[PDB]
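**Student:** Please find one structure pasted underneath; my questions will follow.
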Amino acid sequence: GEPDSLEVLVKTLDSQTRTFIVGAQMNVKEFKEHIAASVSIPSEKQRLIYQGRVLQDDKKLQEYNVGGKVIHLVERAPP
């Protein structure tokens, strides 16, 4: 039946893409924590980018309509 999960592709600057399947209401901060082990970047050092814009920690992934899409991941010092 109806999806309660999203497919989210994360592509790092080495051009590796990894796919994650996560809860449809998960937020950006939770997502960074989720992918941290696989991408080898602590959540506080992750910058996620989609359609030219940096994803905000307090927003829900669904607010960016990222289901089935490639998000870019960049490693940067925490602000």
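Labels for the structure tokens follow display order: chains A, B, ..., residues from 1 in each chain, ligands from 1.
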Can you list, as a PyMOL selection string, every protein, DNA or RNA residue that comes within 7 Å of residue 71 of chain A when you count only C-alpha atoms, leaving out same-chain residues fewer than 4 positions away?

**Tutor:** chain A and resi 9-11+48-50

**Student:** List every residue of segment 7-55 of chain A that has an atom at most 10 Å from any atom of segment 73-77 of chain A, and for each one report the closest atom pair and its distance in Å to one decimal, counting only C-alpha atoms, with rows sorted by chain and then by increasing residue number, as CSV.

**Tutor:**
```
residue,atom,partner,partner_atom,distance
A:10,CA,A:73,CA,6.5
A:11,CA,A:73,CA,6.0
A:12,CA,A:73,CA,4.9
A:13,CA,A:74,CA,6.7
A:14,CA,A:74,CA,10.0
A:15,CA,A:73,CA,9.8
A:17,CA,A:73,CA,9.8
A:32,CA,A:73,CA,9.6
A:39,CA,A:73,CA,8.9
A:40,CA,A:75,CA,9.7
A:41,CA,A:75,CA,6.8
A:42,CA,A:75,CA,8.8
A:43,CA,A:75,CA,9.4
A:44,CA,A:77,CA,8.0
A:45,CA,A:76,CA,5.1
A:46,CA,A:75,CA,5.1
A:47,CA,A:74,CA,5.1
A:48,CA,A:73,CA,4.8
A:49,CA,A:73,CA,6.4
A:50,CA,A:73,CA,9.2
A:54,CA,A:73,CA,9.8
```

**Student:** Pull N, CA, C and O atoms from the residues just selected and write them as a PDB file, in the first residue's frame.

**Tutor:**
```pdb
ATOM      1  N   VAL A  10      22.424   9.632  -2.081  1.00  0.00           N
ATOM      2  CA  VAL A  10      23.431  10.633  -1.642  1.00  0.00           C
ATOM      3  C   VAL A  10      24.707  10.432  -2.425  1.00  0.00           C
ATOM      4  O   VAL A  10      25.280   9.330  -2.442  1.00  0.00           O
ATOM      5  N   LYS A  11      25.156  11.490  -3.089  1.00  0.00           N
ATOM      6  CA  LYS A  11      26.328  11.450  -3.935  1.00  0.00           C
ATOM      7  C   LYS A  11      27.393  12.388  -3.373  1.00  0.00           C
ATOM      8  O   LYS A  11      27.122  13.606  -3.144  1.00  0.00           O
ATOM      9  N   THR A  12      28.530  11.808  -3.035  1.00  0.00           N
ATOM     10  CA  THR A  12      29.680  12.537  -2.461  1.00  0.00           C
ATOM     11  C   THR A  12      30.586  13.058  -3.593  1.00  0.00           C
ATOM     12  O   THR A  12      30.402  12.719  -4.759  1.00  0.00           O
ATOM     13  N   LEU A  13      31.553  13.909  -3.250  1.00  0.00           N
ATOM     14  CA  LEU A  13      32.391  14.560  -4.239  1.00  0.00           C
ATOM     15  C   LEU A  13      33.387  13.614  -4.978  1.00  0.00           C
ATOM     16  O   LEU A  13      33.941  13.952  -6.026  1.00  0.00           O
ATOM     17  N   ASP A  14      33.581  12.402  -4.423  1.00  0.00           N
ATOM     18  CA  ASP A  14      34.222  11.298  -5.153  1.00  0.00           C
ATOM     19  C   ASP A  14      33.301  10.617  -6.154  1.00  0.00           C
ATOM     20  O   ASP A  14      33.700   9.619  -6.806  1.00  0.00           O
ATOM     21  N   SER A  15      32.089  11.151  -6.293  1.00  0.00           N
ATOM     22  CA  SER A  15      31.091  10.676  -7.228  1.00  0.00           C
ATOM     23  C   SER A  15      30.530   9.290  -6.935  1.00  0.00           C
ATOM     24  O   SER A  15      29.870   8.721  -7.780  1.00  0.00           O
ATOM     25  N   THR A  17      27.643   7.165  -5.193  1.00  0.00           N
ATOM     26  CA  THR A  17      26.245   7.306  -4.836  1.00  0.00           C
ATOM     27  C   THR A  17      25.835   6.130  -3.973  1.00  0.00           C
ATOM     28  O   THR A  17      26.126   4.966  -4.269  1.00  0.00           O
ATOM     29  N   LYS A  32      21.268  13.054   8.415  1.00  0.00           N
ATOM     30  CA  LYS A  32      22.716  13.157   8.475  1.00  0.00           C
ATOM     31  C   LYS A  32      23.254  12.067   9.452  1.00  0.00           C
ATOM     32  O   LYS A  32      24.240  11.417   9.180  1.00  0.00           O
ATOM     33  N   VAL A  39      28.861   7.060   4.862  1.00  0.00           N
ATOM     34  CA  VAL A  39      29.592   8.077   4.124  1.00  0.00           C
ATOM     35  C   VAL A  39      30.864   8.474   4.819  1.00  0.00           C
ATOM     36  O   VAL A  39      31.704   9.200   4.269  1.00  0.00           O
ATOM     37  N   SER A  40      31.049   7.959   6.026  1.00  0.00           N
ATOM     38  CA  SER A  40      32.248   8.318   6.828  1.00  0.00           C
ATOM     39  C   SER A  40      32.429   9.818   7.120  1.00  0.00           C
ATOM     40  O   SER A  40      33.534  10.283   7.130  1.00  0.00           O
ATOM     41  N   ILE A  41      31.330  10.540   7.372  1.00  0.00           N
ATOM     42  CA  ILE A  41      31.389  11.953   7.738  1.00  0.00           C
ATOM     43  C   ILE A  41      30.461  12.166   8.939  1.00  0.00           C
ATOM     44  O   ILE A  41      29.299  11.885   8.840  1.00  0.00           O
ATOM     45  N   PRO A  42      30.996  12.686  10.051  1.00  0.00           N
ATOM     46  CA  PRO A  42      30.122  12.900  11.218  1.00  0.00           C
ATOM     47  C   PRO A  42      28.985  13.856  10.845  1.00  0.00           C
ATOM     48  O   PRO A  42      29.175  14.736   9.993  1.00  0.00           O
ATOM     49  N   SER A  43      27.823  13.693  11.460  1.00  0.00           N
ATOM     50  CA  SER A  43      26.656  14.471  11.053  1.00  0.00           C
ATOM     51  C   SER A  43      26.920  15.986  11.099  1.00  0.00           C
ATOM     52  O   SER A  43      26.451  16.698  10.196  1.00  0.00           O
ATOM     53  N   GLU A  44      27.677  16.466  12.106  1.00  0.00           N
ATOM     54  CA  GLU A  44      27.959  17.905  12.245  1.00  0.00           C
ATOM     55  C   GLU A  44      28.855  18.473  11.138  1.00  0.00           C
ATOM     56  O   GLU A  44      28.947  19.684  10.962  1.00  0.00           O
ATOM     57  N   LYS A  45      29.553  17.606  10.423  1.00  0.00           N
ATOM     58  CA  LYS A  45      30.399  18.015   9.320  1.00  0.00           C
ATOM     59  C   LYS A  45      29.762  17.834   7.936  1.00  0.00           C
ATOM     60  O   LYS A  45      30.402  18.069   6.929  1.00  0.00           O
ATOM     61  N   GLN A  46      28.508  17.405   7.871  1.00  0.00           N
ATOM     62  CA  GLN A  46      27.828  17.204   6.600  1.00  0.00           C
ATOM     63  C   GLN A  46      27.065  18.435   6.138  1.00  0.00           C
ATOM     64  O   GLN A  46      26.266  19.039   6.892  1.00  0.00           O
ATOM     65  N   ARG A  47      27.251  18.728   4.858  1.00  0.00           N
ATOM     66  CA  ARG A  47      26.448  19.737   4.167  1.00  0.00           C
ATOM     67  C   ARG A  47      25.773  19.059   3.013  1.00  0.00           C
ATOM     68  O   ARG A  47      26.434  18.466   2.144  1.00  0.00           O
ATOM     69  N   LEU A  48      24.436  19.061   3.057  1.00  0.00           N
ATOM     70  CA  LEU A  48      23.607  18.442   2.029  1.00  0.00           C
ATOM     71  C   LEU A  48      23.040  19.510   1.122  1.00  0.00           C
ATOM     72  O   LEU A  48      22.530  20.502   1.582  1.00  0.00           O
ATOM     73  N   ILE A  49      23.117  19.232  -0.186  1.00  0.00           N
ATOM     74  CA  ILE A  49      22.736  20.189  -1.221  1.00  0.00           C
ATOM     75  C   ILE A  49      21.812  19.541  -2.208  1.00  0.00           C
ATOM     76  O   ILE A  49      22.099  18.442  -2.736  1.00  0.00           O
ATOM     77  N   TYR A  50      20.715  20.219  -2.483  1.00  0.00           N
ATOM     78  CA  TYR A  50      19.729  19.778  -3.501  1.00  0.00           C
ATOM     79  C   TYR A  50      19.122  21.000  -4.214  1.00  0.00           C
ATOM     80  O   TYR A  50      18.757  21.967  -3.585  1.00  0.00           O
ATOM     81  N   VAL A  54      21.219  24.595   0.264  1.00  0.00           N
ATOM     82  CA  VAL A  54      21.707  23.755   1.358  1.00  0.00           C
ATOM     83  C   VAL A  54      20.500  23.326   2.196  1.00  0.00           C
ATOM     84  O   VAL A  54      19.728  24.149   2.603  1.00  0.00           O
TER      85      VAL A  54
END
```

**Student:** Residues at most 10 Å from residue 27 of chain A, counting only C-alpha atoms, excluding those fewer than 2 positions away in the same chain, as a list in words?

**Tutor:** residues 22, 23, 24, 25, 29, 30, 31, 32, 55, 56, 57, 58, 59, 60, 61, 62 and 63 of chain A

**Student:** Grab the residues selected above and save them as a PDB file, in the first residue's frame with N, CA and C atoms.

**Tutor:**
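selection.pdb written:
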```pdb
ATOM      1  N   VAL A  22      14.467   5.625   4.085  1.00  0.00           N
ATOM      2  CA  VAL A  22      14.212   6.154   5.455  1.00  0.00           C
ATOM      3  C   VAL A  22      12.764   6.534   5.626  1.00  0.00           C
ATOM      4  N   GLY A  23      12.365   6.665   6.890  1.00  0.00           N
ATOM      5  CA  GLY A  23      11.023   7.110   7.267  1.00  0.00           C
ATOM      6  C   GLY A  23      10.654   8.412   6.586  1.00  0.00           C
ATOM      7  N   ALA A  24       9.421   8.453   6.086  1.00  0.00           N
ATOM      8  CA  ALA A  24       8.945   9.525   5.227  1.00  0.00           C
ATOM      9  C   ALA A  24       8.885  10.856   5.957  1.00  0.00           C
ATOM     10  N   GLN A  25       8.824  10.811   7.283  1.00  0.00           N
ATOM     11  CA  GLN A  25       8.818  12.033   8.109  1.00  0.00           C
ATOM     12  C   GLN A  25      10.183  12.355   8.754  1.00  0.00           C
ATOM     13  N   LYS A  29      18.521  16.646   9.959  1.00  0.00           N
ATOM     14  CA  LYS A  29      19.494  16.348  11.017  1.00  0.00           C
ATOM     15  C   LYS A  29      19.512  14.861  11.292  1.00  0.00           C
ATOM     16  N   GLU A  30      18.324  14.255  11.397  1.00  0.00           N
ATOM     17  CA  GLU A  30      18.214  12.806  11.603  1.00  0.00           C
ATOM     18  C   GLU A  30      18.816  12.024  10.433  1.00  0.00           C
ATOM     19  N   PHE A  31      18.577  12.535   9.237  1.00  0.00           N
ATOM     20  CA  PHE A  31      19.151  11.929   8.039  1.00  0.00           C
ATOM     21  C   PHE A  31      20.688  11.944   8.011  1.00  0.00           C
ATOM     22  N   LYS A  32      21.268  13.054   8.415  1.00  0.00           N
ATOM     23  CA  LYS A  32      22.716  13.157   8.475  1.00  0.00           C
ATOM     24  C   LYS A  32      23.254  12.067   9.452  1.00  0.00           C
ATOM     25  N   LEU A  55      20.353  22.025   2.456  1.00  0.00           N
ATOM     26  CA  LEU A  55      19.260  21.527   3.257  1.00  0.00           C
ATOM     27  C   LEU A  55      19.451  21.920   4.714  1.00  0.00           C
ATOM     28  N   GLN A  56      18.356  22.364   5.340  1.00  0.00           N
ATOM     29  CA  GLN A  56      18.314  22.843   6.739  1.00  0.00           C
ATOM     30  C   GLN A  56      17.896  21.740   7.744  1.00  0.00           C
ATOM     31  N   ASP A  57      18.711  21.594   8.793  1.00  0.00           N
ATOM     32  CA  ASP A  57      18.602  20.529   9.805  1.00  0.00           C
ATOM     33  C   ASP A  57      17.220  20.330  10.366  1.00  0.00           C
ATOM     34  N   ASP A  58      16.501  21.428  10.564  1.00  0.00           N
ATOM     35  CA  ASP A  58      15.194  21.411  11.226  1.00  0.00           C
ATOM     36  C   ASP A  58      14.014  21.095  10.278  1.00  0.00           C
ATOM     37  N   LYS A  59      14.282  20.998   8.985  1.00  0.00           N
ATOM     38  CA  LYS A  59      13.256  20.713   7.984  1.00  0.00           C
ATOM     39  C   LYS A  59      13.137  19.199   7.774  1.00  0.00           C
ATOM     40  N   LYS A  60      12.006  18.780   7.260  1.00  0.00           N
ATOM     41  CA  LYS A  60      11.724  17.372   6.922  1.00  0.00           C
ATOM     42  C   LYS A  60      12.212  17.121   5.492  1.00  0.00           C
ATOM     43  N   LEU A  61      12.747  15.931   5.230  1.00  0.00           N
ATOM     44  CA  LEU A  61      13.220  15.614   3.884  1.00  0.00           C
ATOM     45  C   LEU A  61      12.081  15.863   2.833  1.00  0.00           C
ATOM     46  N   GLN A  62      10.873  15.465   3.208  1.00  0.00           N
ATOM     47  CA  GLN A  62       9.665  15.560   2.350  1.00  0.00           C
ATOM     48  C   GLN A  62       9.374  17.013   1.950  1.00  0.00           C
ATOM     49  N   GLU A  63       9.752  17.969   2.798  1.00  0.00           N
ATOM     50  CA  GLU A  63       9.607  19.392   2.467  1.00  0.00           C
ATOM     51  C   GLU A  63      10.472  19.795   1.273  1.00  0.00           C
TER      52      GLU A  63
END
```

**Student:** Suppose you want the space between atom CA of residue 16 of chain A and atom CA of residue 65 of chain A; what is it in Å?

**Tutor:**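 So the answer is 21.6 Å.
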
**Student:** Going by DSSP on the backbone, which bits of chain A are helix (DSSP H, G or I)? Write them as number ranges by chain, please.

**Tutor:** A: 28-39, 43-45, 61-64

**Student:** Give the strand (DSSP E) residues of segment 6-76 of chain A, as assigned by DSSP on the backbone, as a list in words.

**Tutor:**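 Restricting segment 6-76 of chain A to strand (DSSP E) produces residues 6, 7, 8, 9, 10, 11, 12, 17, 18, 19, 20, 21, 22, 23, 46, 47, 48, 49, 50, 53, 54, 69, 70, 71, 72, 73, 74 and 75 of chain A.
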
**Student:** For the atom pair atom CA of residue 70 of chain A and atom CA of residue 8 of chain A, what is the interatomic distance in Å to one decimal place?

**Tutor:** 6.6 Å

**Student:** Would you compute the distance between atom CA of residue 35 of chain A and atom CA of residue 20 of chain A? Give it in Å to one decimal.

**Tutor:**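 So the two atoms, atom CA of residue 35 of chain A and atom CA of residue 20 of chain A, lie 7.7 Å apart.
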
**Student:** Let me make sure I understand: among A:36, A:28, A:67, A:79, which one has the smallest atom-to-atom distance to residue 3 of chain A if we use only C-alpha atoms?

**Tutor:**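 The shortest atom-to-atom distance to residue 3 of chain A comes from A:67.
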